[PDB]
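Protein chains in written order, with the authors' numbering: chain E, 2 to 221, 229 to 446; chain Y, 11 to 109; chain W, 33 to 78; chain L, 22 to 229, 235 to 439; chain R, 2 to 55; chain G, 2 to 55; chain Z, 1 to 49; chain S, 326 to 379.
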Amino acid sequence: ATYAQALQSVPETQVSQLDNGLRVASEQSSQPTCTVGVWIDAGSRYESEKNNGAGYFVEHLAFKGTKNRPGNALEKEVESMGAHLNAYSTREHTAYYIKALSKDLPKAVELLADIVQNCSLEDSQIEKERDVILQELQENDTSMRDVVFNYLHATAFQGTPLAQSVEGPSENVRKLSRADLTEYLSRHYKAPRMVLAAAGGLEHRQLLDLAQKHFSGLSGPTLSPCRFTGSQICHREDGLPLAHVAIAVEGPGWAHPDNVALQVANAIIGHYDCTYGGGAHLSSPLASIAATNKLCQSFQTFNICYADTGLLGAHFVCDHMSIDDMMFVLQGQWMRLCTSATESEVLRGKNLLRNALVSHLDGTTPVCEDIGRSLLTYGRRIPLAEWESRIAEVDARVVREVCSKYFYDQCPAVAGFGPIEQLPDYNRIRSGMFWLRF
Amino acid sequence: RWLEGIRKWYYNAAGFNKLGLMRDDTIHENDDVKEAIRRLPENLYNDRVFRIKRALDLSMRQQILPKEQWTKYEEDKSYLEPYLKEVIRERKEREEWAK
Amino acid sequence: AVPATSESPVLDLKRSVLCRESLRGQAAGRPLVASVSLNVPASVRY
Amino acid sequence: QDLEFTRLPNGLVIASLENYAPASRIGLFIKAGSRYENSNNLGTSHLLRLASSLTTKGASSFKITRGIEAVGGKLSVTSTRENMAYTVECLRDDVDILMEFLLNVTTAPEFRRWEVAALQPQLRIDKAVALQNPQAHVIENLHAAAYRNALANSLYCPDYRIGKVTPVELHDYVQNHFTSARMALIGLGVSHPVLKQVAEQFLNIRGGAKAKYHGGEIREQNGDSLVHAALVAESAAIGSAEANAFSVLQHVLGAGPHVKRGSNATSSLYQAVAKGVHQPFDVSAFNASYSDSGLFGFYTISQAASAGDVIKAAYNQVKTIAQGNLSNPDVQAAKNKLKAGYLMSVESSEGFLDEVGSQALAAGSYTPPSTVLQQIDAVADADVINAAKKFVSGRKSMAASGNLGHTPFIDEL
Amino acid sequence: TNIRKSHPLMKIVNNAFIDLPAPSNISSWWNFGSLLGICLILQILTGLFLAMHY
Amino acid sequence: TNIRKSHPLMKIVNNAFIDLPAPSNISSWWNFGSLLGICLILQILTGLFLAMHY
Amino acid sequence: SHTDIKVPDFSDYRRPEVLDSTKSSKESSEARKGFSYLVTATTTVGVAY
Amino acid sequence: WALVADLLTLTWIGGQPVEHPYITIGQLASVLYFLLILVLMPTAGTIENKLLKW
Ligand code: HEM
Ligand code: HEM
Ligand SMILES: CCCCCCCCCCCCO[C@@H]1O[C@H](CO)[C@@H](O[C@H]2O[C@H](CO)[C@@H](O)[C@H](O)[C@H]2O)[C@H](O)[C@H]1O
Ligand SMILES: CC1=NC2=C(CCCC2)C(=O)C1c1ccc(Oc2ccc(OC(F)(F)F)cc2)cc1
Ligand SMILES: CC1=NC2=C(CCCC2)C(=O)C1c1ccc(Oc2ccc(OC(F)(F)F)cc2)cc1
């Protein structure tokens, strides 16, 4: 029983669509538990300036009652059947999902439907959840990671809806009326912009019929492209003890095949923090150099994907005296992969990526989410055997050519926060995006 | 075996023994030797430190020890070998892996 | 292979809590577990 | 496909489900947790947890890192108070490469003087990071308060020992605890016969007191505006039927959240506390269960001034459960939570491996999920009331961290 | 780390020439130092070439 | 603290000339560096004085 | 909140090619670099002469 | 010391007219110069090593 073989006999994902246009997607295995949820093409990118953070405001109100189950009735019923109810909101994706016993899937699908469609949005509940968000916004100010990434987007996609934070400015949170919320909902929460995903012990046929029963009432706004700008945002705050730097070039966005090769390249460079076992002997040259010279406390490469665009780069957290050196080694890695990546290290990157996405999809929740979001972004679930084919296609030549497209001689977006006196000048950073040899 | 006559002769001709040095004190410090030295236990290191200090002090005076005090050929332990051998063996593994 | 839920720095000021909704989940319910790795960031559990 | 099981004449357990997935997890579980330190070698197991990927006999420090990373793999070491768990993941074709590394790491580590000494500062880094969580302060103190010896040991090396864990101590700890009689080799996506044969040929290694509950209190005064606090009494040993009763009682009282940003309408403790005090807070039932002993109680997170009110309110809630105020719909809901919680915990192939190995050490063999659910149902309402009664009349252990000006003592409660 | 900050000769060049922290706002009147240097080097070369014939 | 280690000019002199750590045992063959310096300075002075007349 | 920070309008300073916020800068990237590097290249040819 | 003595020979030979026996001595000294540096002294080093079990 080989690896190549193993991929061929992984459970297929089923695909059906309702009259209104709601897609129903399912992966089945004999499992006692399941995860089911609703994914929606809705988020901060779809929000204007006047209604920014509405989708986030809604998320707070989603589990706070329905017309059919007022107040804590929705809450009580989830709790008493041992179910676990959860939500998240990205710049492009709002998602509500429930982890339940397999036998309880009918009620699970019913409750999701009740949340989405028949959401109470009570006057007092709005005014309560108003102060809650304001305090979350304050908590978020203390998370330098969150702050620097919000800054990266804000400068990278400046003057567009992608520059906008998911939570919205405090001004909007304090003023958004119930009229705004309900208008936002009926505009964006529509069957063709929605997917019902489920994974665990279930017959696909049953899910589709449960979708009919509760999601039939679901009704049936194009995204403009987003201009990337080579820019810098530098929030200098010497009072904080470590510096956060986030740097990225414009990525290709969800659809593009180059994303696979870019993931391979990002795997080569990889990630590190101070608790990692490897140290000097780590395979990534960036990591081994960073570890031995104590340049940073942590770093990761990322590749964030949006619709027609994205953010491809790295974030690091380091000592106030190490920012210049971190940048130099990081940008040095980008250049080395562009110009001169080797076969064996690309093989390593491939192997990392193969392992990454095979073991991430463990248990029903990550698999349910993969179904939900893949249907939104790609229009289908891409099977593991297809991912493997795209990965095997990547060699040293590919990594070079792909990396040179996005990294080499291109203007990045830089965000820095904290004691950033050392953080290199933009011109020096930009000059660090080429070599005088290749 | 048969060249052991010449090895014993050369040893005394070379004459580091006259300063109370062992052979491994006279090894020129490259990157491997540095690491090998760095890995020595407290006792073996402090002996090395003193033997050299003594030799340097003798060299400073342009004098040698009494003949009784000279390092006997037979008593010259190869103290640095196990550390140095492994330091080298390790680097050659990393150099291999890099290809 | 996959990076952890949280990147860990020493000497870095910690994230604040100002409400009930963010503070729930935190009260420990089971004994500590400790993992260290080669690839994944060290983290402790309830 | 279902699980296979073997216990060799030398004591060692092999358990493996061949499920033909593309990924393969292998775990070597060892009875070598913090509990098996004594007062002379405290924090040794902490260093030992950091110490995989140091040079072994069959592989260098360099080769362990490079070779594993080469195939995109992972090697993790996980410690509880009672066990240590060495886990390897990879794509199925490279299992015997990772296995070779795992065997080297566990059966023949060299613990070289210069490598072991170079690793010493990592104890401070790892500890410092972990102790950023205030739960880590309190739970580590709670145990130290509650016990005289084994389970009192912290998972993290005490400050005074950092820089002072010797190579001898590491060798001794491995030689004395990493033995066939104390080991279970668990696996997924690999055949049982080949695991057995590896365990016979490379894991046949020859062999090498009871936890006294005390009841004490430890108080970290540190001036946070929030006070973390835990109050427990001696519970019941894992494997005993009484333990199941405590697990149900935990879920009656409330054992953490089910809805995002939710107000926990079914949690008995949360509502009991929320009745009196409305400012930011969190409360949960705490249930640890071990081979020798157990701790059951609750953990509060409250404002400094309100700590007295929150703890007393929570304690009062357990008292009324002990007095008999407890209906079937509560005990049914609690069971549904625990039943769901267990099956959800073995939902991932990571957590499943952990439960297979975990059971294999503390008990003889594998109990299937269906049998576990039946045993949860076997807990009667009366058993839950007894668990609560035991807690109320039991000798107490407490731990707190924060500005404790209004945090009561045990004897103030 | 780079070989601009490391190498004993490049170190002096890197600190006094490249990574030198300079005020953002210095005017044209700050150019005259550099120009004095150019003048001096210009005189030395032209001068040396003249001295081959004088 | 002293003004041999402090003053920017004296600092170079103090480190490369006075407090320079030198091996205890260096022989007469180590004098030739200093002597080469003296030679060079000797040539420059005598040379310059000759060039006033040549 | 830090969410109150939004980047100032740089329209005055931008090149015409990157003014349109609903279009991708990547079309014009090939061109914009070409112009600026031509200036540098021309300069070097002149200095060389 | 052979290499030094050879250099002293080359200095003597350099001062002589181009005739017998100064041509042949000169050739033989020049051969020995490069032979000493490129072959003999490197070989001698490695022989010394193998005499010390190195
Ligand atoms: C600060 C640097 C120097 C200054 C300000 C300087 C200035 C002058 C001036 C004003 C003259 C007379 C020019 C004329 O009326 O023809 C002159 C002549 C000369 N200088 Fe210099 N000089 C400098 C450096 C040098 C050096 C370094 C050399 C040779 C190595 C040199 C060699 C000569 C010679 C040979 C002449 C005579 C040829 C002539 O008249 O142009 N000078 N210098
Ligand atoms: C490494 C440094 C120097 C060396 C090795 C050197 C060597 C010589 C030698 C071998 C001669 C011929 C001496 C003779 O047979 O009369 C000479 C002549 C001369 N040198 Fe130098 N020299 C040096 C530096 C200087 C400097 C710095 C100057 C002027 C600033 C200078 C000016 C002269 C002059 C004017 C003569 C002709 C007068 C004479 O023949 O003595 N030299 N030099
Ligand atoms: C009979 C017993 C002989 C033993 C004693 C030797 C000395 C007696 C003289 C015999 C001849 C010696 O040989 C002498 O060598 C030199 C150098 O090669 C010659 O020099 C000649 O040969 C060399 C060969 O490379 C040429 O480059 C050179 O242009 C030429 O001048 C002399 O012309 C010759 O006379
Ligand atoms: C070394 C320098 N320092 C500073 C400023 C202004 C801003 C801050 C300080 C400068 O313009 C500056 C400088 C000085 C000289 C420059 O060209 C040279 C010209 C001559 C030269 O030779 C020498 F040594 F001066 F004789 C060396 C360099 C180039 C730059
Ligand atoms: C600078 C020096 N360093 C060292 C040793 C031996 C021991 C250790 C290193 C020295 O004798 C030494 C030294 C070198 C030169 C000395 O006299 C000078 C002679 C000439 C001189 O001018 C210049 F720059 F060399 F051209 C500067 C100094 C005096 C001392």
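Think of the CB as a built atom: it goes at the ideal place given N, C-alpha and C, for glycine as much as any other residue.
TODO: Report yes or no: is there a C-beta of chain L within less than 8 Å of the C-beta of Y4 (chain E)?
DONE: At least one chain L Cβ lies under 8 Å of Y4 (chain E).
Task: Of the residues L:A408, L:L191, L:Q156 and L:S289, the one placed nearest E246 (chain L), counting alpha carbons only - done: The shortest C-alpha separation from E246 (chain L) is found at L:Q156.
Task: Heavy atom of ligand 5 within 7 Å of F336 (chain E) beta-carbon - done: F336 (chain E): no, Cβ never under 7 Å from ligand 5.
Task: For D42 (chain E), the residue or residues it bridges with in DSSP - done: Paired residues: E:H94.
- [ ] Compare the Cα-Cα distances from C411 (chain E) to each of E:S10, E:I41, E:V272 and E:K77 and report the closest residue.
- [x] Of E:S10, E:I41, E:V272 and E:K77, the smallest CA-CA separation from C411 (chain E) is found for E:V272.
TODO: Please report the residue range of the beta strand (DSSP E) in which residue 226 (chain E) lies.
DONE: For residue 226 (chain E), nothing is modelled; it lies in the interval where chain E passes from 221 to 229 with no residues in between.
- [ ] Give, in chain order, every unbroken run of the alpha helix (DSSP H) that is at least 4 residues long and sits entirely within the region 26–95 of chain Y.
- [x] Every unbroken stretch of the alpha helix (DSSP H) spanning 4 or more residues and falling wholly within the region 26–95 of chain Y is given here in chain order: 41–48 and 52–71.
Open item on the list: Does the CB of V68 (chain W) have a neighbour CB from chain E at under 8 Å?
Closed with: Taking Cβ atoms only, chain E reaches closer than 8 Å to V68 (chain W), which makes this a yes.
- [ ] Taking 5 Å as the limit, tell me which residues put their C-beta closer than that to any heavy atom of ligand 3, in chain order.
- [x] Checking every Cβ against the heavy atoms of ligand 3 under 5 Å gives S:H345, S:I348 and S:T349.
Task: Separation of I244 (chain L) from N162 (chain L), as counted between CA atoms - done: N162 (chain L) and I244 (chain L): Cα-Cα distance of roughly 6 Å.
Task: Per-residue burial, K358 (chain E) [other beta carbons within 10 Å of its own, 16 or more giving buried] - done: With at least 16 other beta carbons inside 10 angstroms of its own, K358 (chain E) counts as buried.
TODO: Could you tell me whether the Cβ atoms of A167 (chain L) and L379 (chain L) are closer together than 8 Å?
DONE: Contact flag unset, no.
Task: Spatial distance of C120 (chain E) from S166 (chain E) (CA atoms) - done: In this structure, the straight-line span from the alpha carbon of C120 (chain E) to that of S166 (chain E) is close to 24 Å.
TODO: Check the Cβ of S294 (chain L) against every Cβ in chain E and list those closer than 7 Å, keeping chain order.
DONE: From the beta-carbon of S294 (chain L), no residue of chain E is found nearer than 7 Å; the closest lies around 11 Å away.
Open item on the list: Quick check: the region 311–321 of chain L against the region 266–274 of chain L, are at least 3 beta-carbon pairs closer than 8 Å?
Closed with: Contact between the region 266–274 of chain L and the region 311–321 of chain L is present, because at least three Cβ pairs lie under 8 Å.
Task: For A129 (chain L) and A299 (chain E), the rounded distance between their alpha carbons - done: Their Cα atoms are separated by approximately 26 Å.
TODO: Output the residues surrounding ligand 2, defined as those with a CB atom closer than 7 Å to any ligand heavy atom, in chain order.
DONE: The set of residues whose C-beta lies within less than 7 Å of a heavy atom of ligand 2 reads, in chain order, G:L41, G:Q44, G:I45, G:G48, G:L49, G:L51, G:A52 and G:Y55.
Open item on the list: Taking CB distances under 8 Å as the criterion, tell me whether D35 (chain Y) reaches chain G.
Closed with: Closer than 8 Å: no.
- [ ] Could you tell me which chain G residues have their CB closer than 7 Å to the CB of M70 (chain Y), listed as they occur along the chain?
- [x] Those within 7 Å of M70 (chain Y) in chain G are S25 and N26.
Open item on the list: Excluding the 5 residues flanking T161 (chain E) on each side, which residues of the same chain have their C-beta closer than 7 Å to its C-beta?
Closed with: If we look at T161 (chain E) and ignore the five residues flanking it on each side, its Cβ neighbours are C234 and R235.
Open item on the list: Considering only DSSP beta bridges, list what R245 (chain L) is partnered with.
Closed with: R245 (chain L) pairs with L:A426.
Open item on the list: What does the Cβ neighbour count give for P92 (chain Y), buried or exposed, with the cut at 16 atoms within 10 Å?
Closed with: With fewer than 16 other CB atoms across the displayed protein chains lying within 10 angstroms of its CB, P92 (chain Y) is exposed.
TODO: Under 7 Å Cβ to Cβ from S291 (chain E), same chain only, skipping five residues before and after it: list those, please.
DONE: Only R356 meet the Cβ criterion.
- [ ] Tell me whether the beta-carbon of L250 (chain E) lies closer than 8 Å to the beta-carbon of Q305 (chain E).
- [x] Going by beta carbons, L250 (chain E) and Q305 (chain E) fall inside the 8 Å limit.
Open item on the list: My output table needs one value for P130 (chain L): the three-state DSSP class, helix, strand or coil.
Closed with: Looking at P130 (chain L) - three-state DSSP - the assignment turns out to be strand.
Task: 7 Å Cβ cut-off: residues of chain S touching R17 (chain Y) - done: Going along chain S in sequence order, the residues near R17 (chain Y) (Cβ under 7 Å) are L376.
Task: chain G contact residues for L90 (chain Y), given Cβ-Cβ distances below 7 Å - done: None at all; the shortest Cβ gap to chain G is about 22 Å.
Task: Test: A155 (chain E) CB closer than 8 Å to a CB of chain Z - done: Residue contact with chain Z for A155 (chain E): present (Cβ-Cβ distance below 8 Å to some residue of chain Z).
Open item on the list: Shorter than 7 Å, the distance from the beta carbon of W31 (chain R) to the closest heavy atom of ligand 4, or not?
Closed with: The answer is yes for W31 (chain R).
Open item on the list: Going by beta-carbon coordinates alone, are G285 (chain E) and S73 (chain L) separated by less than 8 Å?
Closed with: Cβ distance < 8 Å, so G285 (chain E) and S73 (chain L) count as in contact.
Task: Heavy atom of ligand 4 within 7 Å of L10 (chain R) beta-carbon - done: Proximity of the beta carbon of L10 (chain R) to ligand 4 is not indicated: no heavy atom of the ligand is located closer than 7 Å.
TODO: Assuming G288 (chain L) and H432 (chain L) form a contact by the criterion Cβ under 8 Å, report the distance between their Cβ atoms to the nearest whole angstrom.
DONE: Incorrect: roughly 28 Å between the Cβ atoms, too far for contact.
Task: Integer Cβ distance of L75 (chain L) from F132 (chain L), believed to fall under 8 Å - done: That belief holds up - the Cβ atoms of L75 (chain L) and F132 (chain L) are roughly 6 Å apart, short of 8 Å.
Open item on the list: Helix, strand or coil for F324 (chain E)? Go by DSSP, reduced to three states.
Closed with: In the structure shown, the three-state DSSP call for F324 (chain E) is strand.
Task: Exposure label - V14 (chain R); buried when at least 16 CB within 10 Å - done: Looking at its Cβ environment, which holds fewer than 16 other Cβ atoms inside 10 Å, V14 (chain R) is exposed.
TODO: To the nearest angstrom, report how far apart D193 (chain L) and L50 (chain Y) are at their CA atoms.
DONE: Between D193 (chain L) and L50 (chain Y), the C-alpha separation is close to 23 Å.
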